[PDB]
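Data block below; observations after.
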Amino acid sequence: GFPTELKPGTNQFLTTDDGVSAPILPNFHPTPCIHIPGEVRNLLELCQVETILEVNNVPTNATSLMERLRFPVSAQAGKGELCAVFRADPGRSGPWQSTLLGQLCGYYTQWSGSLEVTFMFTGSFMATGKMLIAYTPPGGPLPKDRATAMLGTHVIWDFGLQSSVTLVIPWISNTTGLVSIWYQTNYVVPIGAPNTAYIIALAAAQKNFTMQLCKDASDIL
Amino acid sequence: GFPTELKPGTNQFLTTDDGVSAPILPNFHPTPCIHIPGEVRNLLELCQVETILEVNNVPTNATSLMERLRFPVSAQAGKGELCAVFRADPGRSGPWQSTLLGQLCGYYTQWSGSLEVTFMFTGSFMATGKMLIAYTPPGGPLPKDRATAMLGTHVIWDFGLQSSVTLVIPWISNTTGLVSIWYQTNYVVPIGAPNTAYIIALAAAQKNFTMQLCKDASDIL
Amino acid sequence: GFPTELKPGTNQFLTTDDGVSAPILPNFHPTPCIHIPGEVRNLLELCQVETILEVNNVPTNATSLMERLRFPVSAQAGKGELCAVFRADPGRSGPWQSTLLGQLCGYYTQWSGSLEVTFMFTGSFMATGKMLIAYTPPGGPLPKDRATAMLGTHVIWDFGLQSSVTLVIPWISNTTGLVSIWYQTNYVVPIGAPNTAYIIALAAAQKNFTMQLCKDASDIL
Amino acid sequence: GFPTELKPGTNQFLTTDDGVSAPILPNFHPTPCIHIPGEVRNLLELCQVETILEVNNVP
Amino acid sequence: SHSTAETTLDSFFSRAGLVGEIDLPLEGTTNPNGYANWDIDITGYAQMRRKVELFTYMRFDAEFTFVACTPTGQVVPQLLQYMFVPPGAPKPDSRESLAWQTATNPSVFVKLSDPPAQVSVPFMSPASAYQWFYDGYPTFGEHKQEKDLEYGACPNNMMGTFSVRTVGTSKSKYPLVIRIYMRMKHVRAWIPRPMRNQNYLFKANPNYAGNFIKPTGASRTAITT
């Protein structure tokens with residue numbers, strides 16, 4: 001007869017309780033671990049994967065399926081407006097729902113990290129011109145004029161250098177800044193050259209992405 | 001089959017039982033502790049806070065709200081009686097219910113500690129006179145004459161020294177002594193001077209305040 | 001899932017089970033222990049206390065209350081019999097129920113120890129004579145003659161020595177011996193002297209008193 | 001009064017649970033182990049046994 | 001001081017008291033759908049909020065046990081298991097919601113004959129710590145001139161709720177009585193502020209009325225003793 005105290009909460013079922021039980025058959029040996037030269041242990045491998053983001057979600061026809069992946073640009077438009085990226089928020093709707101991180105955030109609430117964008121130029125061999133991509137810092141509203149854009153951080157994009165240009169946003173959380181893309185100058189070509197081109201964009205995140213709070217939310221269905 | 005004894009009192013619910021449970025999710029990391037240069041650990045910080053105590057709880061009109069915080073004094077009264085502090089007891093009603101310690105004692109029974117009072121003089125620049133504040137020690141009844149007041153501890157209050165005067169009551173518990181304030185002398189001024197002044201008082205407790213027994217009493221409502 | 005065996009006797013209530021429980025409030029500090037120069041730890045202090053024993057339980061009148069505490073002796077009686085102490089047994093009725101040890105034995109069965117008796121003489125300053133107090137050892141019946149009394153242990157009681165006389169009974173348990181008191185000689189005084197005197201007796205126990213078995217018996221009521 | 005938590009799955013019967021119980025009589029001594037020069041410990045001894053296999057299962 | 005062993009802080013904070021009460025009417029008009037959701041609203045009751053409002057910066061886990069019985073104190077053999085939805089996911093509105101089918105939400109099941117249940121949940125709020133006061137505009141959006149469509153109902157500040165169902169093909173036929181006790185595990189405070197003295201008029205706002213009150217009027221007149 002050993003005395004023992006009965007703590008409250010005996011028949012409660014706990015979802016987060018990690019339990020272990022003795023195997024029924026202690027004699028069967030599981031299959032040996034397979035040795036492979038390359039070894040990967042952590043989920044960090046997914047954080048460096050590149051994903052394409054698209055804006056022209058207007059068409060829905062069957063025979064227009066392949067053109068979705070890019071956005072065309074033409075010389076007919078003059079000093080207009082190329083693309084209007086929505087507020088950068090993986091949780092909210094928009095281009096970010098297709099990405100891996102946005103799906104991962106579907107069970108989660110608070111996120112923070114850095115953002116980088118890469119651009120490469122695919123024009124004609126004889127063309128000359130200058131492109132500029134700038135991100136407006138927080139506080140500043142949407143750029144009405146290019147003067148309000150220049151006060152923010154801007155990077156020069158020459159046509160002799162293709163993709164070594166790197167832009168970094170120091171910190172994004174959850175309110176924030178906005179990014180806009182205008183026509184820096186019109187792409188002009190002489191006779192015997194195509195009148196249309198295409199532009200490819202890249203987007204990734206740095207190592208400083210972290211998670212704090214789990215959420216019991218499921219987006220499916 | 002391990003033998004075990006069942007102690008009595010298994011289904012009882014204990015209010016004071018401190019229990020710990022395993023977290024459901026062992027992977028989420030709580031937010032890191034924030035480092036600040038100044039650090040405070042104990043509740044003792046509240047014990048050195050000064051609180052004003054008032055006696056003239058008679059008026060209740062709306063347009064007399066600001067005058068409550070002081071008590072006026074005039075030269076018309078001659079050798080009368082300034083203020084009659086009730087029995088010093090934070091538990092009982094009176095000026096002490098507004099103080100922090102008295103509210104803290106609302107769940108508690110036995111208290112002991114030292115008391116100190118500070119007075120500063122705010123009269124005219126040309127006036128001359130002498131004030132005296134004395135606390136009657138225990139045993140002695142309420143002072144009928146100033147002779148019975150002088151046998152107790154008294155402190156001289158000159159008008160050249162403002163607030164460096166300190167009076168200490170060695171020990172108060174829960175029966176006790178009484179404190180009374182008379183007009184030491186009438187405040188007289190010549191022509192071209194105000195006929196009314198005001199006096200400010202201070203009250204605090206020493207480090208020797210302690211608590212012994214908790215009580216299951218709530219004063220609200 | 002940790003295996004455990006259930007021993008028989010789970011819901012039984014045990015009277016002699018010593019149990020400890022965690023305090024509900026771990027923050028309140030009990031009052032500090034009071035330090036006193038003299039310290040007493042054990043119940044042995046009661047064993048050296050002297051208690052008076054009386055035989056004349058006959059009177060019951062209200063106005064005879066004070067005379068109970070002694071027994072008178074007079075010169076009119078000649079070589080008779082002074083007092084007849086009953087069988088020495090604290091458990092049984094008699095003079096021993098008033099004593100502390102007899103009440104203590106009321107929850108107990110077996111006792112053993114030594115007995116001592118002290119006598120002091122309070123006669124006149126001129127009187128001469130000899131007193132003798134003897135205890136009959138076990139086996140020997142009640143003394144019919146003084147010859148049967150002398151074979152047992154006897155102590156000489158001179159009137160020059162008051163109380164230094166000590167008699168010790170080696171061992172008493174629970175059948176036993178008996179003690180009787182006769183008039184050794186008649187107390188005679190000349191003219192101008194009181195004809196009556198009083199005698200005071202003492203009874204105590206040695207350090208060799210012990211207890212073995214507890215009993216579930218209550219003598220009240 | 002010692003606090004204790006009740007894990008789920010108390011009345012379940014487990015087939016593969018190996019259990020041990022105290023003997024009722026601790027005084028009786030079992031018979032001593034018999035010592036033999038040759039000793040065999042493992043089931044591997046059967047793996048080297050030859051068995052005949054036949055095909056003409058017609059008759 | 002001389003000895004501070006009996007003056008331990010353990011008794012200064014630890015006090016268990018009734019905080020909540022959940023009823024399950026078998027029919028009704030306020031709740032005719034047969035199910036109710038109870039979010040953890042500490043600010044709901046004035047008597048408990050008085051103790052809490054002395055504190056400004058705090059983050060801690062929670063421990064709850066559930067007891068059900070009859071008004072006569074008799075015990076009945078009924079078993080329940082509790083399922084929790086993270087605060088990030090929206091709470092169910094109608095019975096046909098998908099919240100009851102979510103398997104990704106962890107759950108723990110315990111009986112009643114066992115010692116009392118002890119369960120703990122981590123701090124899942126995206127912020128660093130809870131804030132009882134906010135000298136500004138609660139919304140954390142870039143828009144600072146308009147108002148959100150979900151104004152008034154902002155579950156983004158609380159810590160979620162629990163769903164209760166009955167095991168069996170048919171619905172339960174007995175109503176139950178349940179009382180809840182609340183406690184703090186860790187105590188750490190930084191900025192000390194005063195408490196409240198007058199009563200509260202609204203549940204979510206400390207506003208007052210035009211009938212002012214006075215702490216005490218025991219002294220008939222200050223002029224006399």
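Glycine gets a Cβ as well: all are built from the backbone with ideal geometry, and neighbour counts include every protein chain shown. Taken together, the values in this text are just the output of simple stated rules run on the coordinates, not laboratory data.
Taking the range E:172-225, which residues are within 11 Å of another protein chain (Cβ to nearest Cβ), assigned to a loop (DSSP other than H, G, I, E, B) and charged (D, E, K, R)? If the condition is that a residue be within 11 Å of another protein chain (Cβ to nearest Cβ), assigned to a loop (DSSP other than H, G, I, E, B) and charged (D, E, K, R), then E:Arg183, E:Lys185, E:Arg188, E:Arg196, E:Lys214, E:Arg220 are the ones that fit. Restricted to strands (runs of 3 or more DSSP E) entirely inside the range B:111-208, those with at least 3 residues that are surrounded by fewer than 16 Cβ atoms within 10 Å (Cβ to Cβ) are B:111-120, B:153-157, B:167-172, B:200-205. When the range B:7-51 is filtered for residues that are under 28 Å from A:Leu213 (Cα atoms), within 14 Å of chain C (Cβ to nearest Cβ) and surrounded by 14 or more Cβ atoms within 10 Å (Cβ to Cβ), the ones remaining, listed by number, are B:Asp18, B:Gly19. Checked against (1) among the hydrophobic types (A, V, I, L, M, F, W, C); (2) buried (at least 16 other Cβ atoms within 10 Å of the Cβ); (3) under 26 Å from A:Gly9 (Cβ atoms), E:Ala36 passes all but a single condition, namely (2). Can you name the residue in the range A:171-196 that is under 17 Å from A:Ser114 (Cβ atoms) and touching a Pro at 6+ places or on another chain (Cβ under 6 Å) and is also nearest to the other protein chains (Cβ to nearest Cβ) among such residues? So the residue we want is A:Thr176.
Between B:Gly80, B:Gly91, the distinction of being within 32 Å of the chain's Cα centre (by Cα), surrounded by fewer than 15 Cβ atoms within 10 Å (Cβ to Cβ) and part of a loop (DSSP other than H, G, I, E, B) belongs to B:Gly80 only. Among residues belonging to the range E:108-120 that are buried (at least 21 other Cβ atoms within 10 Å of the Cβ) and within 20 Å of the chain's Cα centre (by Cα), point out the one that is nearest to E:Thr43 (Cα to Cα). My answer is E:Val119. The requirement of being exposed (fewer than 14 other Cβ atoms within 10 Å of the Cβ), within 23 Å of the chain's Cα centre (by Cα), under 29 Å from A:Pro141 (Cα atoms) and more than 12 Å from chain A (Cβ to nearest Cβ) is not satisfied by E:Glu146. Among the residues making up the range A:76-101, those that are away from chain E (no Cβ under 14 Å), farther than 30 Å from A:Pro194 by Cα and among the small types (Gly, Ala, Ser) are A:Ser93, A:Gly94, A:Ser98. Being within 14 Å of chain B (Cβ to nearest Cβ), hydrophobic (A, V, I, L, M, F, W, C) and surrounded by 13 or more Cβ atoms within 10 Å (Cβ to Cβ), is that true of even one residue in the range C:55-75? Within the range C:55-75 (the criterion being within 14 Å of chain B (Cβ to nearest Cβ), hydrophobic (A, V, I, L, M, F, W, C) and surrounded by 13 or more Cβ atoms within 10 Å (Cβ to Cβ)), the answer is no, since none of the residues qualifies.
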